[PDB]
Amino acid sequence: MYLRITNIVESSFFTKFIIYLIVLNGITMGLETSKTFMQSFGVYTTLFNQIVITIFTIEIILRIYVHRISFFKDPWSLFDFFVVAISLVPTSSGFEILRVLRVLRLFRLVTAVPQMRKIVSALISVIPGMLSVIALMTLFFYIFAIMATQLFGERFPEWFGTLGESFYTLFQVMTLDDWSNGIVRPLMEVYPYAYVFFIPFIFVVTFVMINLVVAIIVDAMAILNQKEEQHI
């Protein structure tokens, strides 16, 4: 009840099988798209999209029995749990979404192939130092988004009407996307002093983002210099 079973899941090619599947469903989806394919090999992809979805469901619950408590202390598996089950809901005969969220099972190659789980994590190994800056921002935008809704708002509702709309347009200014001619000019042509709001908003906004690439090498590589190198 364990042993015959423990050995199977852990195999060499069963991974290379559910990796051989992950890599397969992903190619029908690329054909599922162009309905020139789908009207010449429809039921194929459709029902291959149901037969594939089950090996992933035994695979998950097999892994669940083998590991038990530790399966549910693995984000890679919880995310596996997350992803694979999101497809378990009957997305067919339903809302657009979960049909198009079921494709998040190609996030599973990431889960599936090893070294893709270090560099993914070498990237998730960055947010702890940044959750300090990340929150300064979120308030800098709560406070300047509002000052926006008020001054513009009626005149320019599509952009800065309701606060979220100020959020959407603040973000857009930030990446500096067509902001020059698109959003500030058109404002400056009825409220001409609106450049007092946005120019030095832009300064705060790229100074900050630059000053966290001066610090991701000084503040994230300061914890990598205190406990790992002095080991000598």
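One-based numbering along the sequence shown.
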Which of 87-95 and 114-122 has higher mean CA B factor, as the PDB entry lists it | 87-95
Given the B-factors recorded for C-alpha atoms, which segment has the greater mean, 162-170 or 25-33?
-> 25-33
Say you rank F207, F41, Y193, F201 by Cα B-factor from the PDB entry; which sits at the top?
-> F41
Assigned third (lowest, middle, highest) for the C-alpha B factor of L47 | highest
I55: CA temperature factor from the record, placed by chain third, in the middle
Classify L62 as lowest, middle or highest third according to the C-alpha B-factor given in the PDB entry, relative to its own chain.
-> middle
